[PDB]
2 protein chains.
Amino acid sequence: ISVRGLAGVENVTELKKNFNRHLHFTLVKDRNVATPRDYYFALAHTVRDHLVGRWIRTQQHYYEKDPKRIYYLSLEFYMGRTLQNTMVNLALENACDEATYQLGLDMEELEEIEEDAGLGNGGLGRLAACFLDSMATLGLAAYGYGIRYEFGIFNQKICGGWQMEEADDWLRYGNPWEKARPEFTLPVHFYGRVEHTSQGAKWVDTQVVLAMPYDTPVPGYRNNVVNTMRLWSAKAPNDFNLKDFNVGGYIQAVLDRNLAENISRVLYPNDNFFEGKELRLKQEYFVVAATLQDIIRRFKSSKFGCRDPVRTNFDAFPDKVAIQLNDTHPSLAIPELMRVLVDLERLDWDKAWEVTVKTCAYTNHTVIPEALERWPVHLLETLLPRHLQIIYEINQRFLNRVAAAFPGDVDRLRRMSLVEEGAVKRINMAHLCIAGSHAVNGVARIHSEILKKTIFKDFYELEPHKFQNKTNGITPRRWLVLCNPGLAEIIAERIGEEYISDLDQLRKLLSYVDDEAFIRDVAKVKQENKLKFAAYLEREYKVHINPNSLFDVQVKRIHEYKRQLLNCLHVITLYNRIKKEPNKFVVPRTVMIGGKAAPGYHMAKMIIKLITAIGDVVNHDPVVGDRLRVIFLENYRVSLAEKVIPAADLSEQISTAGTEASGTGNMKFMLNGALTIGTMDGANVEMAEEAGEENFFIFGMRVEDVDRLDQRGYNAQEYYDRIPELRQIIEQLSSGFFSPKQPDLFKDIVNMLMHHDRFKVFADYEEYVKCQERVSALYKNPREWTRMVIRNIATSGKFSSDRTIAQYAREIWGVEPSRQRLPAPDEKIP
Amino acid sequence: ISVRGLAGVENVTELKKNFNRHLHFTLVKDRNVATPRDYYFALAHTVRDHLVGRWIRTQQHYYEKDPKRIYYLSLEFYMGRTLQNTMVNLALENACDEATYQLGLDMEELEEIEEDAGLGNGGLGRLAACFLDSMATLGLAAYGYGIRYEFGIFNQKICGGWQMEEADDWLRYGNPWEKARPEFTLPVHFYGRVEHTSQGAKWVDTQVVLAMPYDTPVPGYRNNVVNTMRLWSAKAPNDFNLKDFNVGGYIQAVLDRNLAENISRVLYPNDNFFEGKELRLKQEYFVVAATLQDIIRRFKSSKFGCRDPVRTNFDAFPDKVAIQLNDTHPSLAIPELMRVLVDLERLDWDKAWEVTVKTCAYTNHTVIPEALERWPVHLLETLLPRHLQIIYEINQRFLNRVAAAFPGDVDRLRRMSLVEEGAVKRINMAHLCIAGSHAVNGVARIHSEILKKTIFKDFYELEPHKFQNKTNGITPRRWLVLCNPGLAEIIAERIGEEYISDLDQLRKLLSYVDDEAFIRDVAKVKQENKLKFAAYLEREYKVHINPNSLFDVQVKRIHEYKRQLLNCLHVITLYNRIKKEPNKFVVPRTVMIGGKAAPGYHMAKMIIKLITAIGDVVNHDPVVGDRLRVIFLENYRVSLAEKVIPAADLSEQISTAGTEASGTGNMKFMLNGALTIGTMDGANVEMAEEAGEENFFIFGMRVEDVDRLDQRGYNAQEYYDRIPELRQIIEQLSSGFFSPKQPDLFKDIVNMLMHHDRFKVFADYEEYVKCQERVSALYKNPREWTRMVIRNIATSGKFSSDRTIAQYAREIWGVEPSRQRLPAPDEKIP
Ligand SMILES: O=c1[nH]cnc2c1ncn2[C@@H]1O[C@H](COP(=O)(O)O)[C@@H](O)[C@H]1O
Ligand SMILES: O=c1[nH]cnc2c1ncn2[C@@H]1O[C@H](COP(=O)(O)O)[C@@H](O)[C@H]1O
Ligand SMILES: NN1C(=O)N[C@@]2(O[C@H](CO)[C@@H](O)[C@H](O)[C@H]2O)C1=O
Ligand SMILES: NN1C(=O)N[C@@]2(O[C@H](CO)[C@@H](O)[C@H](O)[C@H]2O)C1=O
Ligand SMILES: *Cc1c(COP(=O)(O)O)cnc(C)c1O
Ligand SMILES: *Cc1c(COP(=O)(O)O)cnc(C)c1O
């Protein structure tokens, strides 16, 4: 059937009876009233049974051996569905497929019923998920720590061409994967004041919110390791949230508990944008405070909570603990670790600071200013008074370091301060992370260099040793074996299965680049993938596409820096050229644009409307026929990505050079047989470098050119003046060609494009359509297109998150990865 | 060990491995980290497994045979713990005891970990629970329908002698008994307006709240019948509760969902008191609207949703459906049933009314005016506009009936109206229930007569056939076999086990009233019970009592009509007599008073303070010694009741004649070997009548005497003037003898007692202490006390809820009870 494992005789039988046990005993249903949703749950529970045994021994193991623990703190974990992924990592896919078949059910139909765990916005959240899978696969004692939002990223609905947001109640029917651990509930403080008494400061008169943990299993790939993702939920204490007496109302007091519990209710839908709301800051301290107590507790036990030197010496803390800050979101972990060590454990400042710097590491994910976290001091002052005091003291000491290193450099001092003066004083979270971490890293080679040369130049001059790079990657498991079994099988037919956990081995496919059967096969799976997606489209969304055309897709969050608008300009150009010479042949294309816009991002929502507006015109023009279709992919999410990416021919990664930190979608397309058209931005550079620029479609300004243009001054009118085709499009938008009933509908886009384009869309227009002509030319030659595809796939190995994690492990965390199978799952009950 | 069933070889082994399966697979724990709470859950899950098989076949059975269905609507279901009860009804107690013993665990210790399902206030809620158990035991196709509050009756804490209320988060660790059924979620409407168009009225522009059902199993006693209790939970729709666009905030919209979900958040803590809050009215319509849709759906399928006459003829509705209104709380079911039949199904008014009256029945539980539900019209007008219109039309037609029957009786017309004019117009819910039901019943013979003679006299003259009586009862399972296995065993040793489901057989114990061994045994179990309670007391609450003294207990909600104050007056009298003649012998007593006061009931909370104040003085007076102890039983609830009642010698049922509708605690004490001192009120009359007045300690005014006194006018000063002992107590309270630091602390009590005592406490004082002397005299003669006890126990059979339900079944619902074992639980998987 494929190498989705063995469909053993004893195990298919075993699976079937357990499926039935659960349908009866767990779901309390009988075959005569069971619906597909019930069947999905029976299976889910049956599969989950197979990893509890391993989950328990993995955790017990780490307790016995006591290795250095890795704590990945992130406010986002974009997990997606977990049924198939679990089957894949446990080699259970074919057995389950067989068994459910024998029970007369279609497994694929059941898999479609599982709701996505959308606890993320985009790249940042998905990176965390990929990392977790890799850390488990490489046998690291790692823990993912985050917030269990009851409402994840909103589900997007297109009404009249506009995006409509609606609550993502992903828990409505329950989550069979999580395990509530109310017994490990912890208290988290807010507000209050600071008392300075005799021997130390005291954080007093605080409001208490309880953090209840929920553990979800993270299985490694076929190695019997099952790590843990611990998500915190906010709960109100039953005392003060009722007991602070003297009139108000008993009923009202009980209803008001949903005020402390609102902390974990919803994820902020902002991608690469900072909103200084109090609720967000509360979420940030909440995850940090709860997690740290859990970390220290585990450390207090270790082998120190037995003997060792005997005296809670936190000197070995950094040798046993490593906490990674996914962006500045969990940045309060720094002053919080200090508060506990100094205020509660009573360590002197300097010893505490040494420990803190040695255990914390920070990862930066963007250079755009509006995404930078700068919290107003009056907010921290009210909500976390002691932390503010600690931050000021950290700043005081750090700046003294600077003064000593650069005597008399008074501007450098203000530039480097963690405290920003002006309208309202703010705390630069990024500056805090750099000062309190022993390593700072970018997510792509160019991004990392940009940090050193630009944004964090002064900090680099101060401590050059802190700055590193760790190019992002994706998991070959979910992003290849899971979503594209067809491609995985044909690769395995030639080079084996060891590449799934050693992606570099894909290089061996280079020697099949002239193999006639392989070229035919690679081309076949892609055709099968396109046919399946074209079908899904009519199934779930309804109104035809042509599977023979080139599948041109751009799927990622809607942003001005991602330039979906530049993609739009090209689409309209194709249309206009067709309308000019109707009877001239052109390579057919289905351009699919999908992504979500943050609710308050007006421009982004305007762009979504533009895309659907273009499709209204283009898709109903008889002269165009089936040569050009414009489709907006609704509710883009992880599960939808697993469907489009394997069916894509052209991947669009056209951000303005220097704005996309790394990107990861690009890597997903490369490993799945799509050719890439893009700019020398983020990881695109390393991808072209790995596959050879001849096998990549690069165009546009490089970072240097962008800067040259900024010195000069960017004037879009120039481009409008010298390119008639560009002029024609802008006047089409301006006159209502794309919006008849509301002719001035797109005035904001045009106005922006002509007067305040921060991402110089026009500057890359000419070179973009010129480059687009080149890919069309090559698509006309199936054999050569596929051969270039094989050059990309065969060379994408470097982009596996296993590589990324192994680097973090060795160069930052100080631990050694291991592909050693944990001693089976085997029963056991001590 | 006792007749807690057989501890079979095959089943103890089976139990043990399933206990282990769950500890591993369900709880995801290993013996080395498992806590008593984990062990409790493993067991709970193991026991729950045994009744799913029966639950499924019972429900399937009713679907096949299609009998008349009974729907018990109540806003309260005081269930208590459910582990032991389930073991008892499934004959699993000894097997579980053995198995857990073999696993090295104490079952009793684990049972103490289960949280009480406190979804009730007192008697009314507990009656519903007892009824459910009886309906399942008598093989009736009955369904309990209510609200799944996430916060039940508050947990009571005594701080400085005052009651402190704190949220009862009973779901904190989860509920292993319930089964969420998100797939049967239903929509419920609120607000909106009424459109009168061509062919009918339309309820339009409403706010939608979703009702998600949770089913809990209700096993009959050893008959394999497992009925269902369906509790509704409020959920916000994800559309409008987000989709009603045009600025407000996406985050805020999501946080505001906890506005529609507040409907099922907390139970109103009022016992016998009406609070006209909007949230309450919403809860009332919520449970009614959701339930009715469920009822009709089931009816539409029946055997009509196949064939029968073919044409949705609702003429057979009353033959297939019976809905019982537990008090007026679910009274909206009447106009709601009309709204659906008329507005949606399009039946003419008269046919709809005939159906409605024929399927609904109402049970009244109190005669005090302040407990009567009178909803302001402006509230119904805004929240349920169409229902108000229906109520007015029902009133219009009903009053025309009256006018026709009593021509010219203009005062009768206003008196009987469902609409009350005055300050603000109100709707008399009780009047609505009588008009729209074919049966109205009281809960005790005297209470029922009072309804006919007083409160509902006019309605009785109009339709005498509607009025009936159904004396309350309690379940011998939880209230005898479960809480008092020792007594149950010795009874079973002489007369067998058939009495558990046929309590009348207890009469056979009359012939052992002179049996020397039996008297010794009855006396022994009571001594063992007192020793165990005396121990629990020091265990969980701490500060000694004497097990040899007479256990004088009064446990019920704190009310002015229950007269805990009269009990107080007696206690103080005993104290004063001891202080007057210290070296004179008196029968030792431990008087235990326990109960909760509604949060806003100032007087009730003042009484709690008085009780603890008396104990402070009495319990620390050296001259008193161990002759007199005053203890306030904290957090009285079902589980606590199962502990005190079996250990009680004297039961206090001293409400003012004519105020306690029936009472059920009194019955609990009678069947557990306690002697009763009380007034001729509620069921006390039928109890004395059943056991013989010679075996009861009756005192005080009868209903007649109370009325005579009211004609005359009640003047408490008279009693104060003629009784020196009474005078001495009032002046002790007035001068601060019981409250040194705050001498005027109890001025409200004294003031009330002397000038506004609605329950004439002083009037029954003399006859009360005189009667108390008589019980002390009899306690001095152990042999005769026990013999009188045997006379009570042997004669309590009439007070089993099996009798009550059989009467409802035959005289109101029109169904026949059956003690037929359902065809085993046996596997099966169709
Ligand atoms: O005190 C202990 N005795 C034995 N095993 C322990 C103890 N503490 C932790 N463990 C084991 O280590 C696992 C790790 O628990 P953690 O504290 O959540 O990391 C637990 O599930 C147990 O298997
Ligand atoms: O359409 C049907 N076919 C077969 N069995 C049914 C059907 N509807 C209800 N049942 C059975 O009747 C039980 C009663 O379901 P209820 O509607 O919740 O009362 C179900 O759990 C099934 O066993
Ligand atoms: N939202 N979001 C960011 O703020 N930064 C991002 O992080 C990911 C993961 O490192 C990078 O690949 C993206 O280029 C970057 O934009 C991202 O996706
Ligand atoms: N709260 N509450 C009432 O409002 N009425 C009550 O109902 C129960 C059950 O019928 C009766 O036994 C009580 O006497 C009556 O007070 C009761 O306990
Ligand atoms: C991989 C992924 C992303 C990141 O895409 P980029 O193109 O790097 O912005 C965003 N959303 C989803 C659902 C993803 O799978
Ligand atoms: C039986 C019961 C009641 C009813 O007691 P009465 O004396 O009839 O008021 C109240 N509370 C609990 C916990 C009960 O078990």
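By the numbers in Swiss-Prot, the shown part of chain A spans 14-843.
Even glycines carry a Cβ here, placed using N, Cα and C.
Summarising the annotation, Swiss-Prot assigns phosphoserine to A:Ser15, A:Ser430, A:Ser514, A:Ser747, A:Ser748. The AMP binding site annotation in Swiss-Prot covers A:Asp43, A:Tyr76, A:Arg310, A:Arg311, A:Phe312, A:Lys313, A:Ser314, A:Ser315, A:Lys316, A:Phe317, A:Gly318, A:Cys319. The feature site 'Involved in the association of subunits' is assigned by Swiss-Prot to A:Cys109, A:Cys143, with an author's statement given as support. Annotated site 'Can be labeled by an AMP analog' per Swiss-Prot: A:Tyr156, in sequence order. Annotation comment: Swiss-Prot describes A:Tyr204, A:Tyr227, A:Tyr473 as phosphotyrosine, evidence class similarity to another entry. Taken from Swiss-Prot, the feature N6-(pyridoxal phosphate)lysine covers A:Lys681, and the record attributes it to experimental evidence.
Checking the recorded positions A:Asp43, A:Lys681, A:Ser747 against chain B with a Cβ-Cβ cut-off of under 8 Å leaves A:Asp43. For A:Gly318 (AMP binding site), the nearest neighbour among the listed recorded positions (A:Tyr156, A:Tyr204, A:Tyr227, A:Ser430, A:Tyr473), judged by C-alpha distance, is A:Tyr156. Nearest to A:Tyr204 (phosphotyrosine) in space, judged by Cα atoms and limited to the binding-site residues A:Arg310, A:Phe312, A:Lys316, is A:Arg310. The Cβ of A:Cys109 (site 'Involved in the association of subunits') has 29 other Cβ atoms within 10 Å, all protein chains considered.
The Cα of A:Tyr227 (phosphotyrosine) lies closest to that of A:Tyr156, out of the recorded positions A:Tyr156, A:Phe312, A:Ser314, A:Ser430, A:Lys681. Taking the Cα of A:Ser314 (AMP binding site) as the reference point, the closest of the recorded positions A:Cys143, A:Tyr156, A:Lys681, A:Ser747, A:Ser748 is A:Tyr156. A distance of 33 Å separates the Cα atom of A:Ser430 (phosphoserine) from that of A:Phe312 (AMP binding site). Listed modified residues: A:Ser430, A:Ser748. The one with the lowest count of other Cβ atoms within 10 Å of its Cβ is A:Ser748. Using CA atoms as reference points, the recorded positions A:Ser15, A:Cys109, A:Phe312 were checked against A:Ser747 (phosphoserine), and the closest is A:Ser15. Long-range Cβ contacts of A:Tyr473 (phosphotyrosine) within its own chain (separation 6+, distance under 8 Å): A:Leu464, A:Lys465, A:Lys479, A:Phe480. Every protein chain shown contributes to the tally, and the Cβ of A:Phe312 (AMP binding site) ends up with 17 other Cβ atoms within 10 Å.
The DSSP secondary structure for A:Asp43 (AMP binding site) is coil. Note on proximity: of the recorded positions A:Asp43, A:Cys109, A:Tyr156, the one nearest A:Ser748 (phosphoserine) is A:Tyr156, by Cα distance.
Within 10 Å of the C-beta of A:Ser314 (AMP binding site) we count 12 further C-beta atoms, all protein chains included. Of all Cβ atoms in the protein chains displayed, 19 besides its own lie within 10 Å of the Cβ of A:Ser514 (phosphoserine).
Ranking the recorded positions A:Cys109, A:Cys143, A:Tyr156, A:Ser514, A:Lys681 by Cα distance from A:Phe312 (AMP binding site) puts A:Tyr156 first. Sorted by the number of other CB atoms within 10 A, the recorded positions A:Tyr156, A:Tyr204, A:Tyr227 start with A:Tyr204, the lowest. Between the CA atoms of A:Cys109 (site 'Involved in the association of subunits') and A:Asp43 (AMP binding site) there is a gap of 20 Å. DSSP assigns A:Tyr473 (phosphotyrosine) to a helical segment in the three-state reduction. Using CA atoms as reference points, the recorded positions A:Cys143, A:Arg310, A:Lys316, A:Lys681 were checked against A:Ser514 (phosphoserine), and the closest is A:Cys143.
Listed in sequence order, A:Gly486, A:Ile487, A:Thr488, A:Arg491, A:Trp492, A:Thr677, A:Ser814 are the same-chain residues at least 6 apart in sequence whose CB falls under 8 Å from the CB of A:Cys143 (site 'Involved in the association of subunits'). Put simply, of the binding-site residues A:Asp43, A:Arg310, A:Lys316, the one whose Cα is nearest the Cα of A:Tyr156 (site 'Can be labeled by an AMP analog') is A:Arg310.
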